[PDB]
Each structure stands twice: as structure tokens, then as C-alpha cells.
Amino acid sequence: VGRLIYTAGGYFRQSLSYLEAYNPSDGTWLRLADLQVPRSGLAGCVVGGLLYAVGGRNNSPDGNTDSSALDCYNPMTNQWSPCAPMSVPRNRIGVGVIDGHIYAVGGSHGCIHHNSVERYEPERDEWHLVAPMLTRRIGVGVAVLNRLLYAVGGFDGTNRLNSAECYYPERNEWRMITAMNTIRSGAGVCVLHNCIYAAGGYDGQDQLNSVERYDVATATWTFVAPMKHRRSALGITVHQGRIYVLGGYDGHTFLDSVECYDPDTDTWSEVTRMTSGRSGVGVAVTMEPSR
């Protein structure tokens, strides 16, 4: 069965409830069941074919609230179902999946900038706290490489960060690694062909279009081709060997641009436009819905 790029939530004037899924072959955007609660600054991931929306914040004209929620979308039913929530609300969260468990990393709750990390077990619908990061990180990018969890960049409440650190699940321990060339908060971070990519973000002066890639073998970050559009708070995912970046904010506009990175040619190209511009979406890939 074919797989689609799902985008959940996001922000434009207020937090959004949209769930839409892009088909890179036929170009369509499918409109699917709304999130129960509008949320921006959330993360998406997929475990066992189910799409999970984690954390975020409901910015609404009636009031704003960070979210601890975990919700699960089933493409086979086009229905959302709530899960047990996290221990704390986490706006501008990063997540990664290791051995079928969801790791929720960093984020903010009001003025609290989290270094804490917690792990979700779907088979028991339970969260448990694990060792905290060495650094408080909101707008942190998260990727998993060889069953290690990497936390990249972010904002500690005062400084934006180029530092990255690595979580060893069986040691329950974080270790600093080589820092990125570029300070980035709200970057898109993902894994492609055994490398971690960090694309875009904000360094406290400019939104960024540069992209760099970490090689665990050489413990080095290297720049690759930059994106066409500078963007912070972008969504990112991998589909059939290519990176997709969705939306974001460029200092002036909430973007609807979607760009696609081909690693074999080291080229970015714009492939579609979202039905409306937005930042702060959660993005992941899974099977197309049934009908």
C-alpha cells in the first residue's frame, strides 16, 4: 500500500486542527479528521502504522495553553483517539522513536524550559520519565540513528544552541557530541541514509536556509545544499529516500512551500504548496487511509 506525508496541527494567526496528507506521486492533499484540540509546536511520529500527535500548545482567541496531550490517529478508521498524557506540557517539543517507544524531548511550559525527557510505551499506554538532557532545549530537533536518540539545537531560554547530545537508552545517560556548524532553534531534524540532517531554523538574528548533516562515523557536521526558502518552525520528514520540509516562518510570512531534498543529486526542489501557510506542524509518514 502507498504511504502519504501527514501534517497535523500548526499555527497561522491561531493554532490549527488540520490533519492533511500529501501524496507525492499524484500531488493531492487529502483532508482528514481534525485534531480534537488545535495545536501548534507539536511533533508527529508513527509507531505500528498509527500516527501520534505529541505536545504543543493551543493558541486561541479565548486563551493559550501548552499541551501535555498524546493523541493517536488510525488511517484505517480516520479516527483520533486520546492516549495517556505526558507528565508535563511541552510546547515546541521534539520526539523520536526507538524500539516501538516514543521519546518526548524538551519543549516549554510557560516560562519553564525543559531538559526533562520521557518515554511512552504504546503496549501499556504509559509514560515514564528518563534521564534529563544536559541542556534545556525548546524548539529542539530530534532524530534516531542506530537506536541512539539525538537532541539537536534548540533554545535554552536565553541562548539558541548549536550543541547536540546523544541519549543511550540502556545506559540511561546523555553525552554531548560535536556541535553543529550553525546555531539553530526550530530546525527540522531527521535521519536519512544513516546521517542526521538539520535544516533551517532560527539563530536569534535570521531564519536559516542552510542544511547540515552529521556522520556518526566521522563525528562531523558537513553543510549540504541549502533550501530555497529560509524557514524556522518547519516540519520535516523522510519519504522514499528523500527529505520533505513543510511550511515554517521566514520572518514575514507563514509559508505553504514544501521542498524536497534529493540526496543523490544534493538538490532541493519545491514540489507542492500546502492548502494554507502555517508553521509549527507535526509531520510523519504512514499508510494512506482506507475508504
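Numbering starts at 1 and runs along the sequence shown.
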query: Between 165-173 and 185-193 (mean CA B-factor, as deposited), the higher; finding: 165-173
query: Mean C-alpha temperature factor, higher of 218-226 and 231-239; finding: 218-226
query: Given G44, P38, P61, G56, the residue at which the Cα B factor reaches its maximum; finding: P61
query: Chain-wide C-alpha B factor ranking for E126, given as lowest, middle or highest third; finding: middle
query: CA B-factor placement of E118, once the chain's modelled residues are sorted into thirds; finding: middle
query: Third of the chain's Cα B-factor distribution that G248 belongs to, per the entry; finding: lowest
query: CA B-factor placement of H101, once the chain's modelled residues are sorted into thirds; finding: middle
query: Within-chain third of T265 by Cα B-factor, per the entry; finding: highest
